[PDB]
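Engineer: Residue numbers for the sequence shown follow my numbering, beginning at 59 and rising by one.
Ideal Cβ placement from N, Cα and C applies to all residues, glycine included.
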Amino acid sequence: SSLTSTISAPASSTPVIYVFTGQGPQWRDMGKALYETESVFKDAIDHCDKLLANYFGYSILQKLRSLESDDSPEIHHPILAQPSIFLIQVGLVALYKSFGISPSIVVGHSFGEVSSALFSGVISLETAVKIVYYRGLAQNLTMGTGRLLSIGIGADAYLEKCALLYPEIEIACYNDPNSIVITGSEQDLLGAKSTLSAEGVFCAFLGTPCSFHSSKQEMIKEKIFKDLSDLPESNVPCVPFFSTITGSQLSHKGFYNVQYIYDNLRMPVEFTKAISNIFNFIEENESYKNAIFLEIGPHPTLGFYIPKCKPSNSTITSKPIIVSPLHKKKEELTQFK
Numbered sequence: 059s060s061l062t063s064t065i066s067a068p069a070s071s072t073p074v075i076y077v078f079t080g081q082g083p084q085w086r087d088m089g090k091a092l093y094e095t096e097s098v099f100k101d102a103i104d105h106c107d108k109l110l111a112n113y114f115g116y117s118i119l120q121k122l123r124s125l126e127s128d129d130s131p132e133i134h135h136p137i138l139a140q141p142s143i144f145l146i147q148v149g150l151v152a153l154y155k156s157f158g159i160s161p162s163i164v165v166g167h168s169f170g171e172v173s174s175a176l177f178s179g180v181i182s183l184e185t186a187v188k189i190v191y192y193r194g195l196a197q198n199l200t201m202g203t204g205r206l207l208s209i210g211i212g213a214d215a216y217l218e219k220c221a222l223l224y225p226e227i228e229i230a231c232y233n234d235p236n237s238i239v240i241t242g243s244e245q246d247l248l249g250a251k252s253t254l255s256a257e258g259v260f261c262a263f264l265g266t267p268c269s270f271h272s273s274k275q276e277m278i279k280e281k282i283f284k285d286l287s288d289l290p291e292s293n294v295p296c297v298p299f300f301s302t303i304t305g306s307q308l309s310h311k312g313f314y315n316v317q318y319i320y321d322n323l324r325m326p327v328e329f330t331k332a333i334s335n336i337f338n339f340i341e342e343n344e345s346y347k348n349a350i351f352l353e354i355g356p357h358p359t360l361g362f363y364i365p366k367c368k369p370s371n372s373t374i375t376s377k378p379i380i381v382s383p384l385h386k387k388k389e390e391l392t393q394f395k
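If you want it as structure tokens, here you go:
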């Protein structure tokens, strides 16, 4: 039941918060119906596609089309995975803008953070295009260098018992203290997951051959520091921006620099702290009493986290509504409607 509202009290234009997915799940046939039917979607898609092809040397859209299989692991390879997800993000948000919707608070996962800083009115479009180009090139040098695993337990148990068995694995993303993403050698992943299955708890593998926010991310630190040392100072966000680097809001002139980018690349993402502080900020105002989180992402994976992060002292009894427009196996058009 979603055609009819369930509200019973008057209001005016409850604001939304743009939840941006990470560089995780994806597939070959993104946005085909939206591209072939929605006009503004196609226009923004082609604009950003030409912008990125200026540096990649080829059109990213039909490049994603060129895959002969819906699931080839090279789709998870960052030199292809960053631009496709960025394209989908910009297309979806432009379509939302043409519908009259605007973000009020912006937050982004491991990859979507750059698009968050973009759509917060902080960085320019060309700056974002160059950033994603060079970051795709940088993450191209972490291909095959260790893999990731999404876990089915909390961080507390893992640090209490499982941390000292393999002191070579980092935790790249702290979604919530019931399921997080780890990063390191695949043998440590296999041993830890086999022990967890012996303990009876489920876990899910990941097809990415990368290691995000690990030791290897520092080998190209000099190259990234030279590539991105040309950015005009990042603007103060007229639309409040939440940083998932430390999981707290940061907003002043020049807080989003190459140092910030490297911290993104290396320091793991404290997503739980970010979302909890979003909820505290919501309760700390009155015009922000409701905010349907809008998960701009081709696969619903961050609504998996947000409701579980609602603070312990939450007098707001209403469940944070999560709306994912795109899920891979469904009809994109009707899901968007």
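#1: Excluding the 5 residues flanking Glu244 on each side, which residues of the same chain have their C-beta closer than 8 Å to its C-beta?
#2: Enumerated in chain order, which unbroken segments of the alpha helix (DSSP H) with a length of 4 residues or greater are wholly contained in the segment 112 to 170?
#3: What residue ranges within the segment 66 to 108 form continuous beta strand (DSSP E) runs of no fewer than 3 residues, ordered along the chain?
#4: Scan the segment 265 to 343 and note each continuous beta strand (DSSP E) run of 3 residues or more that stays entirely inside, going in chain order.
#5: Applying the criterion that 16 or more other CB atoms from any shown protein chain within 10 Å of the CB defines a buried residue, is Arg193 buried or exposed?
#6: What do you get for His134, buried or exposed, if any count of 16 or more other CB atoms within 10 angstroms of its CB means buried?
#7: Among the residues of its own chain, which have a CB less than 8 Å from the CB of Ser255, if the five just before and after it don't count?
#8: Apart from the five residues just before and just after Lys90, which ones in its own chain have a Cβ nearer than 8 Å to its Cβ?
#9: Just the C-alpha distance for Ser208 and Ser60, rounded to the nearest angstrom, thanks.
#10: Hey, how far is the Cα of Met201 from the Cα of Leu264?
#11: Give the DSSP-derived three-state secondary structure of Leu176 in the structure shown.
#12: Is it the case that the segment 341 to 355 contacts the segment 316 to 332, given that we only count it when at least three CB pairs across the two stretches are under 8 Å?
#13: Suppose you measure from the CA of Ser70 to the CA of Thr62; what does that come to, to the nearest Å?
#14: For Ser269 and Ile227, I'd like the C-alpha separation in whole angstroms.
#15: I'd like to know if the segment 159 to 177 and the segment 107 to 126 are in contact, where contact means that at least 3 CB-CB pairs between them fall below 8 Å.
#16: Taking its Cβ as the centre, do 16 or more other Cβ atoms sit within 10 Å of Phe157, making it buried, or is it exposed?
#17: What separation, rounded to the nearest whole angstrom, lies between the Cα atoms of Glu132 and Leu125?
#18: Short of 8 Å in beta carbon distance, which residues of its chain neighbour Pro365, apart from the five on each side in sequence? Order them along the chain.
#19: In terms of DSSP beta bridges, what is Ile240 paired with?
#20: Under the three-state reduction of DSSP, which class applies to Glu389: helix, strand or coil?
#21: Would you decide whether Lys251 is buried or exposed? Buried here means 16 or more other CB atoms lie within 10 Å of its CB.
#22: Considering only DSSP beta bridges, list what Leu352 is partnered with.
Structural biologist: On the basis of the data shown:
#1: Counted from its first residue, the sequence shown places residue 244 at position 186. Closer than 8 Å at the Cβ level, and outside the excluded window around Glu244, lie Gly204, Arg205.
#2: 118 to 123, 136 to 156
#3: Taking only runs of at least 3 residues, the beta strand (DSSP E) segments lying wholly in the segment 66 to 108 are 74 to 78.
#4: 299 to 301
#5: Here residue 193 is taken as the residue at index 135 of the sequence shown, counted from 1. With 16 or more Cβ atoms within 10 Å of its Cβ, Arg193 is classed as buried.
#6: Position 76 of the sequence shown holds residue 134. Per the 10 Å Cβ criterion, buried.
#7: As a working mapping, residue 255 is identified with position 197 in the sequence shown. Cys261, listed in sequence order.
#8: For the purposes of this step, residue 90 is identified with residue 32 of the sequence shown, where counting begins at 1. Once the five neighbours on either side are set aside, the close Cβ partners of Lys90 are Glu390.
#9: By one-based count along the sequence shown, residue 208 stands at place 150. By one-based count along the sequence shown, residue 60 stands at place 2. Their Cα atoms are separated by approximately 31 Å.
#10: Numbered from 1 along the sequence shown, position 143 holds the residue referred to as residue 201. Numbered from 1 along the sequence shown, position 206 holds the residue referred to as residue 264. Approximately 14 Å between the Cα atoms of the pair.
#11: If you number the sequence shown from 1, residue 176 lands on position 118. Helix at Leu176.
#12: no
#13: For the purposes of this step, residue 70 is taken as the residue at position 12 of the sequence shown. For the purposes of this step, residue 62 is taken as the residue at position 4 of the sequence shown. The straight-line gap from Cα to Cα measures roughly 17 Å.
#14: Mapped onto the sequence shown, residue 269 falls at position 211. Mapped onto the sequence shown, residue 227 falls at position 169. Between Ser269 and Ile227, the C-alpha separation is close to 10 Å.
#15: no
#16: Reading the sequence shown from its first residue, position 99 is the one you call residue 157. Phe157 comes out exposed.
#17: By one-based count along the sequence shown, residue 132 stands at place 74. By one-based count along the sequence shown, residue 125 stands at place 67. Cα-Cα distance, rounded: 9 Å.
#18: Numbered from 1 along the sequence shown, position 307 holds the residue referred to as residue 365. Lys377, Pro378, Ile380, listed in sequence order.
#19: If you number the sequence shown from 1, residue 240 lands on position 182. DSSP lists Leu207, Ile229 as partners of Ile240.
#20: On the sequence shown, position 331 is the one that residue 389 refers to. In this structure, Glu389 counts as coil in the three-state DSSP scheme.
#21: Here residue 251 refers to the residue found at position 193 when the sequence shown is read from its first residue. The residue is buried, with at least 16 neighbouring Cβ atoms inside 10 Å.
#22: As a working mapping, residue 352 is identified with position 294 in the sequence shown. DSSP, once it has assigned bridges, lists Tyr76, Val381 as partnering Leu352.
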